[PDB]
Each structure stands twice: as C-alpha cells, then as structure tokens.
file structure-v7.cif (mmCIF, C-alpha atoms)
data_target
loop_
_atom_site.label_atom_id
_atom_site.label_comp_id
_atom_site.auth_asym_id
_atom_site.auth_seq_id
_atom_site.Cartn_x
_atom_site.Cartn_y
_atom_site.Cartn_z
CA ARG A 6 -35.15 -25.95 -17.17
CA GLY A 7 -32.13 -24.04 -18.46
CA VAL A 8 -34.05 -20.86 -17.68
CA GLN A 9 -32.68 -21.36 -14.18
CA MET A 10 -29.16 -21.25 -15.58
CA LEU A 11 -29.92 -18.16 -17.66
CA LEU A 12 -31.56 -16.12 -14.90
CA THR A 13 -28.81 -17.37 -12.60
CA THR A 14 -25.92 -16.09 -14.71
CA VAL A 15 -27.59 -12.83 -15.72
CA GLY A 16 -28.23 -12.28 -12.03
CA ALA A 17 -24.58 -13.01 -11.29
CA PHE A 18 -23.03 -10.58 -13.76
CA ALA A 19 -25.96 -8.19 -13.35
CA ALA A 20 -25.86 -7.65 -9.60
CA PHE A 21 -22.10 -8.20 -9.50
CA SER A 22 -21.11 -5.56 -12.05
CA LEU A 23 -23.93 -3.40 -10.70
CA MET A 24 -22.44 -3.60 -7.21
CA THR A 25 -19.00 -2.76 -8.60
CA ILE A 26 -20.33 0.29 -10.45
CA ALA A 27 -22.12 1.15 -7.21
CA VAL A 28 -18.68 1.15 -5.61
CA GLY A 29 -17.48 3.42 -8.40
CA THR A 30 -19.35 6.76 -8.19
CA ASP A 31 -22.86 8.27 -8.19
CA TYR A 32 -23.68 7.43 -4.59
CA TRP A 33 -24.66 10.92 -3.37
CA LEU A 34 -25.22 14.01 -5.53
CA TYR A 35 -25.86 17.28 -3.71
CA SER A 36 -24.41 20.64 -2.68
CA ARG A 37 -20.87 20.26 -1.36
CA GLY A 38 -18.63 22.43 0.81
CA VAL A 57 -20.92 24.52 -4.23
CA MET A 58 -22.27 21.18 -5.48
CA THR A 59 -20.62 17.83 -6.12
CA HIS A 60 -21.03 14.06 -5.91
CA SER A 61 -19.39 11.37 -3.81
CA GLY A 62 -19.22 7.59 -3.65
CA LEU A 63 -18.33 7.14 0.04
CA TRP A 64 -14.59 7.39 -0.72
CA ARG A 65 -13.82 10.70 -2.44
CA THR A 66 -16.01 13.56 -3.66
CA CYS A 67 -15.58 15.29 -7.02
CA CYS A 68 -16.63 18.88 -7.66
CA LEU A 69 -18.07 20.33 -10.88
CA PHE A 73 -11.20 23.70 -7.85
CA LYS A 74 -14.21 22.74 -9.96
CA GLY A 75 -13.52 19.59 -11.96
CA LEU A 76 -11.08 18.05 -9.47
CA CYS A 77 -11.55 15.52 -6.67
CA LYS A 78 -10.58 15.17 -3.03
CA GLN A 79 -10.38 12.33 -0.52
CA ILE A 80 -13.75 12.82 1.14
CA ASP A 81 -14.19 9.73 3.33
CA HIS A 82 -12.61 11.55 6.28
CA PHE A 83 -14.71 9.74 8.86
CA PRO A 84 -13.10 11.85 11.62
CA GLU A 85 -13.57 15.60 11.49
CA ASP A 86 -11.76 17.93 13.86
CA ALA A 87 -14.79 19.46 15.59
CA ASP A 88 -16.89 17.11 17.74
CA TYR A 89 -17.31 15.59 21.21
CA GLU A 90 -17.47 11.80 20.58
CA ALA A 91 -19.41 10.86 23.70
CA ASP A 92 -19.25 7.06 24.04
CA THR A 93 -18.75 4.48 21.25
CA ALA A 94 -21.08 6.51 19.00
CA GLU A 95 -18.61 8.37 16.79
CA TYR A 96 -15.91 5.70 17.03
CA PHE A 97 -17.86 2.48 16.53
CA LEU A 98 -20.63 3.63 14.19
CA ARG A 99 -18.62 6.16 12.19
CA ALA A 100 -15.81 3.63 11.85
CA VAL A 101 -18.30 0.97 10.75
CA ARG A 102 -19.55 3.22 7.97
CA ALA A 103 -15.92 4.00 7.19
CA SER A 104 -14.03 1.77 4.74
CA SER A 105 -17.45 0.53 3.55
CA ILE A 106 -17.07 -2.87 5.18
CA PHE A 107 -20.59 -4.24 4.69
CA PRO A 108 -20.86 -3.44 0.95
CA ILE A 109 -17.40 -4.94 0.46
CA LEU A 110 -18.74 -7.97 2.32
CA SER A 111 -21.47 -8.04 -0.32
CA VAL A 112 -18.71 -7.89 -2.93
CA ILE A 113 -16.83 -10.90 -1.57
CA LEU A 114 -20.02 -12.87 -0.96
CA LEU A 115 -21.29 -12.23 -4.49
CA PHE A 116 -17.88 -13.28 -5.81
CA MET A 117 -18.45 -16.54 -3.95
CA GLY A 118 -21.91 -16.55 -5.52
CA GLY A 119 -20.94 -16.55 -9.17
CA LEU A 120 -17.79 -18.55 -8.46
CA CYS A 121 -19.67 -21.30 -6.61
CA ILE A 122 -22.48 -21.42 -9.18
CA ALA A 123 -20.04 -21.71 -12.07
CA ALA A 124 -18.59 -24.40 -9.82
CA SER A 125 -22.05 -25.97 -9.64
CA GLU A 126 -21.99 -26.25 -13.45
CA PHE A 127 -19.99 -29.50 -13.36
CA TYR A 128 -18.85 -31.81 -10.53
CA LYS A 129 -22.45 -32.74 -9.88
CA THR A 130 -22.73 -33.06 -6.07
CA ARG A 131 -26.50 -33.05 -6.43
CA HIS A 132 -27.47 -31.43 -3.14
CA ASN A 133 -24.85 -29.47 -1.22
CA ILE A 134 -23.44 -26.90 -3.62
CA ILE A 135 -26.47 -25.18 -5.16
CA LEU A 136 -28.08 -24.84 -1.73
CA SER A 137 -24.84 -23.51 -0.23
CA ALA A 138 -24.17 -20.83 -2.85
CA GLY A 139 -27.86 -19.93 -2.73
CA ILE A 140 -27.67 -19.37 1.02
CA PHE A 141 -24.47 -17.32 0.98
CA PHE A 142 -25.93 -15.47 -2.02
CA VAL A 143 -29.22 -14.39 -0.45
CA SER A 144 -27.48 -13.61 2.84
CA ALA A 145 -25.06 -11.66 0.65
CA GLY A 146 -28.05 -9.61 -0.43
CA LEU A 147 -28.81 -9.08 3.25
CA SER A 148 -25.27 -7.76 3.68
CA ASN A 149 -25.92 -5.37 0.81
CA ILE A 150 -29.14 -3.93 2.22
CA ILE A 151 -27.71 -3.73 5.75
CA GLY A 152 -24.74 -1.85 4.33
CA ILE A 153 -27.04 0.61 2.56
CA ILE A 154 -28.69 1.13 5.94
CA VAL A 155 -25.27 1.89 7.40
CA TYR A 156 -24.60 4.47 4.69
CA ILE A 157 -27.90 6.36 4.79
CA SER A 158 -27.61 6.24 8.58
CA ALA A 159 -24.14 7.70 9.03
CA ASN A 160 -24.73 10.48 6.50
CA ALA A 161 -26.62 12.46 9.16
CA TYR A 174 -29.96 17.10 -1.04
CA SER A 175 -30.27 14.11 -3.38
CA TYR A 176 -28.89 10.63 -3.97
CA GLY A 177 -26.56 9.29 -6.62
CA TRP A 178 -27.90 7.20 -9.47
CA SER A 179 -25.46 4.31 -9.09
CA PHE A 180 -26.76 4.15 -5.53
CA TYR A 181 -30.10 3.10 -6.99
CA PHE A 182 -27.98 0.77 -9.11
CA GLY A 183 -26.70 -0.77 -5.88
CA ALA A 184 -30.14 -1.26 -4.36
CA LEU A 185 -31.51 -2.63 -7.63
CA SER A 186 -28.49 -4.93 -7.73
CA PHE A 187 -29.44 -6.23 -4.29
CA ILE A 188 -33.01 -6.81 -5.47
CA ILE A 189 -32.16 -8.67 -8.69
CA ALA A 190 -29.74 -10.64 -6.54
CA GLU A 191 -32.60 -11.58 -4.22
CA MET A 192 -34.73 -12.83 -7.10
CA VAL A 193 -31.74 -14.78 -8.43
CA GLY A 194 -31.50 -16.46 -5.04
CA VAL A 195 -35.20 -17.29 -5.20
CA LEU A 196 -34.70 -19.04 -8.53
CA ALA A 197 -31.62 -20.69 -7.03
CA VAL A 198 -33.21 -22.33 -3.99
CA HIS A 199 -36.26 -23.09 -6.12
CA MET A 200 -34.01 -25.00 -8.52
CA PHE A 201 -32.38 -26.75 -5.56
CA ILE A 202 -35.66 -28.10 -4.22
CA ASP A 203 -36.40 -28.99 -7.83
CA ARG A 204 -33.34 -31.24 -7.78
CA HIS A 205 -34.60 -32.67 -4.49
CA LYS A 206 -37.90 -33.35 -6.25
CA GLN A 207 -36.04 -35.26 -8.96
CA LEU A 208 -34.02 -37.33 -6.48
CA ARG A 209 -36.76 -38.19 -3.98
CA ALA A 210 -39.09 -38.59 -6.97
CA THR A 211 -36.97 -41.24 -8.68
CA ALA A 212 -36.23 -42.72 -5.24
CA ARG A 213 -39.37 -44.87 -5.22
CA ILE B 474 -13.41 56.12 43.46
CA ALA B 475 -13.81 52.60 42.08
CA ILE B 476 -17.05 52.13 40.15
CA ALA B 477 -16.54 48.66 38.71
CA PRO B 478 -17.50 44.98 39.14
CA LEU B 479 -15.11 44.54 42.05
CA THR B 480 -15.45 41.63 44.46
CA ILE B 481 -15.53 42.66 48.12
CA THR B 482 -13.42 40.72 50.62
CA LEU B 483 -12.08 41.17 54.13
CA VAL B 484 -8.54 42.17 53.15
CA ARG B 485 -10.03 44.61 50.66
CA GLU B 486 -12.06 46.14 53.47
CA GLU B 487 -8.83 46.10 55.50
CA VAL B 488 -7.42 48.82 53.22
CA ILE B 489 -10.36 50.79 51.74
CA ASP B 490 -14.07 51.50 52.07
CA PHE B 491 -17.03 49.88 50.32
CA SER B 492 -20.63 51.04 50.19
CA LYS B 493 -23.47 48.62 50.78
CA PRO B 494 -23.39 45.80 48.22
CA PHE B 495 -25.74 46.46 45.33
CA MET B 496 -25.61 43.25 43.27
CA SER B 497 -25.34 39.77 44.76
CA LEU B 498 -23.85 36.74 43.04
CA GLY B 499 -21.88 33.55 43.52
CA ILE B 500 -19.03 31.62 41.97
CA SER B 501 -19.97 30.17 38.59
CA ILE B 502 -18.66 27.22 36.59
CA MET B 503 -18.57 27.42 32.78
CA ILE B 504 -18.09 24.61 30.26
CA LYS B 505 -18.52 23.95 26.56
CA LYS B 506 -21.92 22.79 25.46
CA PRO B 507 -22.08 19.40 23.76
CA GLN B 508 -24.25 18.82 20.71
CA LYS B 509 -27.78 17.51 21.14
CA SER B 510 -27.25 13.79 21.57
CA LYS B 511 -29.04 11.24 19.35
CA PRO B 512 -30.37 8.17 21.18
CA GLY B 513 -29.86 5.37 18.66
CA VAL B 514 -30.88 1.73 19.23
CA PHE B 515 -32.22 2.68 22.65
CA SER B 516 -35.28 4.31 21.05
CA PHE B 517 -36.54 0.78 20.43
CA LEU B 518 -37.20 0.34 24.15
CA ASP B 519 -36.14 3.63 25.80
CA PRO B 520 -39.52 4.97 26.99
CA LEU B 521 -42.12 3.60 29.41
CA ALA B 522 -39.69 1.92 31.85
CA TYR B 523 -36.28 0.68 32.76
#
call {"tool": "encode", "arguments": {"input": "structure-v7.cif", "output": "structure tokens"}}
result
Amino acid sequence: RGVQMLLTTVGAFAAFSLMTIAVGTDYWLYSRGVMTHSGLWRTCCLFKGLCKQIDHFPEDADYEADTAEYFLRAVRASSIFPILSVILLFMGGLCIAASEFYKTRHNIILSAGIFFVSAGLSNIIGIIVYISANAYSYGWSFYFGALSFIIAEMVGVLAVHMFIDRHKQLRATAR
Amino acid sequence: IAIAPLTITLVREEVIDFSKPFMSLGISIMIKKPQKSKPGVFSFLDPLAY
C-alpha cells in the first residue's frame, strides 16, 4: 500500500539529490595537465588547490573534419542530456507530489511514471555521451549519478506497478 | 664550381655548363597530416558492403 508512496518519495529525493551532487564534482579523477578531478565544467588541482574552467570543448589544435568535432563535442558540451535528466526528474517529483491529491485516477501517475523512466533513459544516454567524448580513473559522484539513474528506474517500476494496481481497483469494482 | 642540389633548366644551360644528371626527381606536394580518423556510428554497418 503506502510502501509505494515511501519508495516513490525516497526515490524522488534520492535520485534527484544524487543527480545534483553528480552535477557538483567527482565525475573524473585522474592525472591532469599533475593530478586533479573534474565534473565536466571545471577541473580543480590538488597552482595546486585552485580551479580552472575546464569544459573548453574547443581546443586550438585539431582538424575538425565533418560534423564530428562540432556536433558531437558540442553535444557533450554544456551537459545537455544530464540537464535534461534534471528537468525531467523535477517533473517527476513535482508531478508525483501533484498525484498526492486531485485524484484523477488514471492519467497522472502513468504520465509522471513515463516521463520519469524515460528521464532515466536520458540520464544513461547522457552518461554515454560523457564517457564517449572523453576520448586514469572515474569520479565517485559519477557512480552516484549512475546509481541515481538505477534507483530512479526501480522507482519507475514501482510507479507503473502502482498505476496498474489502480487500474485493477477500478476495473475490479467495475463489475 | 657548383656542387649543390641545383635544378637544371634550359636558361641555366644557356649560361653555364652541367654534367650528366646524377639524381632524378619530380615536383612534390606537401601537406599537413590529419589525425587518424575514428569511424563512429558507421561501424555498425560499415563493413561487408555499401
């Protein structure tokens, strides 16, 4: 019963704050150019102890053949997909907390569930973008981001499962 | 005497002497090398046909 609400909320704040922290730092920890870490925006050294704007997607030594550097490198730049996960998750918790009251038996829970799982898809796809463009160790809050996507996925499972539960109540009492 | 990588032409013969040519060559075109390109999505289907 209410276990759906519990797992739902703890998934919301869990994967949400976890995605935010993932945006914070600890996304890639390795030797810099000398070792440092970076979170896809700016790297911070151990001179040492300071930071520098590191998401310089263009670098002044290349060839840039045809839509490879521009399109892909730009896509990885500004971290669009993970921000898409941010907005979509925001709609997740917001629309579930909306599903608290204002019954609307069928449409809402299913909707937020859909945009929520697909939000997870945006998260994983974004991770793919990041690991891709980066071409040695990873940051820990990176694992926090992936784990956030996972817990999100399970939360969506419980979501849709609760939705078809409501369908079972309605069609059940229908006879 | 000129002992050097000098190109031999008519007008240069028109003023001085050259021995028999010892090393043959042609005009050459030089460019910058690009980096080894990465295929991308194409690797899904690239081989075996067009």
call {"tool": "resolve_selection", "arguments": {"input": "structure-v7.cif", "expression": "the PyMOL selection byres ((chain B) within 12 of (chain A))", "output": "compact mmCIF listing (two decimals) with C-alpha atoms, keeping the file's coordinate frame"}}
result
# COMPACT_ATOMS: atom_id res chain seq x y z
CA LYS B 505 -18.52 23.95 26.56
CA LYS B 506 -21.92 22.79 25.46
CA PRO B 507 -22.08 19.40 23.76
CA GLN B 508 -24.25 18.82 20.71
CA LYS B 509 -27.78 17.51 21.14
CA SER B 510 -27.25 13.79 21.57
CA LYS B 511 -29.04 11.24 19.35
CA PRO B 512 -30.37 8.17 21.18
CA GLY B 513 -29.86 5.37 18.66
CA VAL B 514 -30.88 1.73 19.23
call {"tool": "residues_around", "arguments": {"input": "structure-v7.cif", "residues": "residue 23 of chain A", "least_positions_apart": "2", "cutoff": "7 Å", "atoms": "only C-alpha atoms", "output": "list in words"}}
result
residues 19, 20, 21, 25, 26, 27, 182, 183 and 186 of chain A
call {"tool": "closest_residue", "arguments": {"input": "structure-v7.cif", "among": "A:67, A:190, A:127, A:135", "to": "residue 203 of chain A", "atoms": "all atoms listed in the file"}}
result
A:135
call {"tool": "atom_distance", "arguments": {"input": "structure-v7.cif", "atom1": "atom CA of residue 180 of chain A", "atom2": "atom CA of residue 195 of chain A"}}
result
23.0 Å
call {"tool": "atom_distance", "arguments": {"input": "structure-v7.cif", "atom1": "atom CA of residue 156 of chain A", "atom2": "atom CA of residue 117 of chain A"}}
result
23.5 Å
call {"tool": "atom_distance", "arguments": {"input": "structure-v7.cif", "atom1": "atom CA of residue 81 of chain A", "atom2": "atom CA of residue 93 of chain A"}}
result
19.2 Å
call {"tool": "resolve_selection", "arguments": {"input": "structure-v7.cif", "expression": "the PyMOL selection byres ((chain B and resi 474) around 12)", "output": "list in words"}}
result
residues 475, 476, 477, 479, 489, 490, 491 and 492 of chain B
call {"tool": "residues_around", "arguments": {"input": "structure-v7.cif", "residues": "residue 33 of chain A", "least_positions_apart": "6", "cutoff": "7 Å", "atoms": "all atoms listed in the file", "output": "MDAnalysis selection string"}}
result
chainID A and resid 60:62 175:177
call {"tool": "closest_residue", "arguments": {"input": "structure-v7.cif", "among": "A:14, A:144, A:22, A:30", "to": "residue 185 of chain A", "atoms": "only C-alpha atoms"}}
result
A:22
call {"tool": "residues_around", "arguments": {"input": "structure-v7.cif", "residues": "segment 206-211 of chain A", "least_positions_apart": "6", "cutoff": "10 Å", "atoms": "all atoms listed in the file", "output": "VMD selection string"}}
result
chain A and resid 131 to 132 200
call {"tool": "resolve_selection", "arguments": {"input": "structure-v7.cif", "expression": "the PyMOL selection byres ((chain A and resi 143) around 9)", "output": "PDB file with C-alpha atoms, keeping the file's coordinate frame"}}
result
ATOM      1  CA  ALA A 138     -24.170 -20.830  -2.850  1.00  0.00           C
ATOM      2  CA  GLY A 139     -27.860 -19.930  -2.730  1.00  0.00           C
ATOM      3  CA  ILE A 140     -27.670 -19.370   1.020  1.00  0.00           C
ATOM      4  CA  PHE A 141     -24.470 -17.320   0.980  1.00  0.00           C
ATOM      5  CA  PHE A 142     -25.930 -15.470  -2.020  1.00  0.00           C
ATOM      6  CA  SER A 144     -27.480 -13.610   2.840  1.00  0.00           C
ATOM      7  CA  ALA A 145     -25.060 -11.660   0.650  1.00  0.00           C
ATOM      8  CA  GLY A 146     -28.050  -9.610  -0.430  1.00  0.00           C
ATOM      9  CA  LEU A 147     -28.810  -9.080   3.250  1.00  0.00           C
ATOM     10  CA  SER A 148     -25.270  -7.760   3.680  1.00  0.00           C
ATOM     11  CA  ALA A 190     -29.740 -10.640  -6.540  1.00  0.00           C
ATOM     12  CA  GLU A 191     -32.600 -11.580  -4.220  1.00  0.00           C
ATOM     13  CA  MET A 192     -34.730 -12.830  -7.100  1.00  0.00           C
ATOM     14  CA  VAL A 193     -31.740 -14.780  -8.430  1.00  0.00           C
ATOM     15  CA  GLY A 194     -31.500 -16.460  -5.040  1.00  0.00           C
ATOM     16  CA  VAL A 195     -35.200 -17.290  -5.200  1.00  0.00           C
TER      17      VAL A 195
END
call {"tool": "axis_aligned_box", "arguments": {"input": "structure-v7.cif", "around": "segment 485-489 of chain B", "padding_each_side": "5 Å", "output": "JSON"}}
result
{"center_x": -9.7, "center_y": 47.7, "center_z": 53.1, "size_x": 14.6, "size_y": 16.2, "size_z": 14.8}
call {"tool": "residues_near_point", "arguments": {"input": "structure-v7.cif", "point": "(-17.9, 43.1, 52.0)", "cutoff": "9 Å", "atoms": "only C-alpha atoms", "output": "PyMOL selection string"}}
result
chain B and resi 480-483+485-486+491-494
call {"tool": "decode", "arguments": {"input": "structure-v7.cif", "residues": "segment 477-513 of chain B", "atoms": "C-alpha atoms", "output": "compact mmCIF listing (two decimals), in the first residue's frame"}}
result
# COMPACT_ATOMS: atom_id res chain seq x y z
CA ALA B 477 74.66 21.59 -54.73
CA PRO B 478 71.04 20.45 -55.22
CA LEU B 479 70.53 22.77 -58.18
CA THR B 480 67.70 22.24 -60.63
CA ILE B 481 68.80 22.15 -64.27
CA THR B 482 66.81 24.13 -66.84
CA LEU B 483 67.26 25.44 -70.36
CA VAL B 484 68.06 29.05 -69.42
CA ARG B 485 70.52 27.71 -66.86
CA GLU B 486 72.20 25.73 -69.61
CA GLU B 487 72.04 28.92 -71.69
CA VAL B 488 74.64 30.50 -69.38
CA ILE B 489 76.73 27.69 -67.81
CA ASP B 490 77.63 24.01 -68.07
CA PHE B 491 76.13 21.00 -66.31
CA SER B 492 77.47 17.47 -66.10
CA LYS B 493 75.21 14.50 -66.69
CA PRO B 494 72.34 14.47 -64.19
CA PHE B 495 73.06 12.20 -61.25
CA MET B 496 69.81 12.20 -59.25
CA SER B 497 66.35 12.26 -60.82
CA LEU B 498 63.22 13.63 -59.17
CA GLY B 499 59.93 15.42 -59.75
CA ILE B 500 57.83 18.19 -58.28
CA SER B 501 56.37 17.22 -54.91
CA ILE B 502 53.32 18.41 -52.98
CA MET B 503 53.43 18.57 -49.18
CA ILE B 504 50.56 18.93 -46.72
CA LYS B 505 49.85 18.53 -43.02
CA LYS B 506 48.84 15.08 -41.89
CA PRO B 507 45.43 14.78 -40.26
CA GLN B 508 44.90 12.63 -37.19
CA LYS B 509 43.78 9.03 -37.59
CA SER B 510 40.04 9.36 -38.09
CA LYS B 511 37.55 7.47 -35.90
CA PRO B 512 34.59 5.97 -37.76
CA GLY B 513 31.71 6.37 -35.31
